[PDB]
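For reference, the structure discussed in these notes is given below.
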Amino acid sequence: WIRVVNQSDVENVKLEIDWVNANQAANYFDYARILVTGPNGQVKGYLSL
Amino acid sequence: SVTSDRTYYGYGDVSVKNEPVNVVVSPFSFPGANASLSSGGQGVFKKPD
Ligand SMILES: [Ca+2]
């Protein structure tokens, strides 16, 4: 889904993922939990309403 | 008759031409080639000469 491509110089990145229309999908969904699967099987992210 | 004005002379010269030092410069282009610098990046660059 989301691919990160970095230069040969960059070795540390800290990303902030934000769900902006979560107030909209609240009118449609009862529970929504997004799990962001990291590089090699790690799971580093969790997003909910 | 002749009342010799007893005054003989000796002389010399000194030649100061150059300044002590020559600062030969080879400027650096630090991102260089076959390497890369990114915004917010951290590291070290070195030019030996
Ligand atoms: Ca670096």
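We name chains A, B, ... following the order of the structure tokens; residues begin at 1 in each chain, and ligands are numbered from 1 as shown.
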Against ligand 1, which residues of chain A fall within 12 Å? For each one I want the closest pair of atoms and the distance in Å (one decimal), counting only C-alpha atoms and all ligand atoms, rows by chain and increasing residue number, as a Markdown table.
| residue | atom | partner | partner_atom_place_in_ligand_line | distance |
| --- | --- | --- | --- | --- |
| A:6 | CA | ligand 1 | 1 (Ca) | 11.0 |
| A:7 | CA | ligand 1 | 1 (Ca) | 9.4 |
| A:8 | CA | ligand 1 | 1 (Ca) | 8.2 |
| A:9 | CA | ligand 1 | 1 (Ca) | 4.6 |
| A:10 | CA | ligand 1 | 1 (Ca) | 4.9 |
| A:11 | CA | ligand 1 | 1 (Ca) | 6.1 |
| A:12 | CA | ligand 1 | 1 (Ca) | 8.2 |
| A:13 | CA | ligand 1 | 1 (Ca) | 10.8 |
TODO: Looking only at alpha helix (DSSP H) from DSSP on the backbone, list the matching residues of chain A as a count of residues only.
DONE: 4
Open item on the list: Please find the residues of chain B near chain A - the criterion being any atom within 8 Å, counting only C-alpha atoms - and write them as number ranges by chain.
Closed with: B: 35-38, 41-42
Okay, now the selection with C-alpha atoms, as a short mmCIF file (atom, residue, chain, number, x, y, z; two decimals), in the first residue's frame?
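The result, stored in result.cif:
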data_model
loop_
_atom_site.label_atom_id
_atom_site.label_comp_id
_atom_site.auth_asym_id
_atom_site.auth_seq_id
_atom_site.Cartn_x
_atom_site.Cartn_y
_atom_site.Cartn_z
CA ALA B 35 26.87 10.08 -3.02
CA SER B 36 23.82 11.97 -1.83
CA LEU B 37 22.67 14.48 0.78
CA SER B 38 19.05 14.70 1.90
CA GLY B 41 20.03 14.37 7.01
CA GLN B 42 22.90 13.70 9.39
#
- [ ] Could you give me, as a list in words, the residues within 12 Å of range 14-22 of chain A, counting only C-alpha atoms and dropping anything in the same chain fewer than 4 positions from it?
- [x] residues 2, 4, 10, 26, 27, 28, 29, 30, 31, 32, 33, 34, 35, 36, 38, 44, 45, 46, 47, 48 and 49 of chain A; 40 of chain B
- [ ] Report the residues of chain A whose backbone DSSP state falls under strand (DSSP E), written as number ranges by chain.
- [x] A: 33-37, 43-48
Open item on the list: Please report the interatomic distance between CA of residue 47 in chain B and CA of residue 22 in chain B in Å with one decimal.
Closed with: 19.3 Å
- [ ] Please provide as a VMD selection string all residues within 12 Å of residue 49 in chain B, with the sequence filter that same-chain residues fewer than 2 positions apart are discarded (counting only C-alpha atoms).
- [x] chain B and resid 24 to 28 46 to 47
With N, CA, C and O atoms retained, write the just-selected residues as a short mmCIF file (atom, residue, chain, number, x, y, z; two decimals), in the first residue's frame.
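Listing of result-v9.cif after writing:
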data_model
loop_
_atom_site.label_atom_id
_atom_site.label_comp_id
_atom_site.auth_asym_id
_atom_site.auth_seq_id
_atom_site.Cartn_x
_atom_site.Cartn_y
_atom_site.Cartn_z
N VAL B 24 47.24 27.54 -1.51
CA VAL B 24 46.64 26.90 -2.67
C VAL B 24 45.39 26.17 -2.22
O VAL B 24 45.41 25.41 -1.25
N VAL B 25 44.28 26.41 -2.92
CA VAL B 25 42.97 25.91 -2.50
C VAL B 25 42.44 24.95 -3.54
O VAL B 25 42.59 25.16 -4.75
N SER B 26 41.82 23.87 -3.07
CA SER B 26 40.99 22.99 -3.88
C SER B 26 39.64 22.95 -3.20
O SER B 26 39.45 22.24 -2.20
N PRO B 27 38.67 23.72 -3.68
CA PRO B 27 37.39 23.82 -2.99
C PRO B 27 36.65 22.49 -3.01
O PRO B 27 36.91 21.62 -3.84
N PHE B 28 35.74 22.34 -2.07
CA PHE B 28 35.01 21.10 -1.91
C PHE B 28 33.56 21.27 -2.35
O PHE B 28 32.95 22.32 -2.16
N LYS B 46 34.29 14.59 4.39
CA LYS B 46 35.70 14.87 4.61
C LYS B 46 36.43 15.01 3.28
O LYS B 46 36.21 14.22 2.36
N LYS B 47 37.28 16.02 3.19
CA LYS B 47 38.18 16.21 2.06
C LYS B 47 39.59 16.21 2.62
O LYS B 47 39.92 17.07 3.46
#
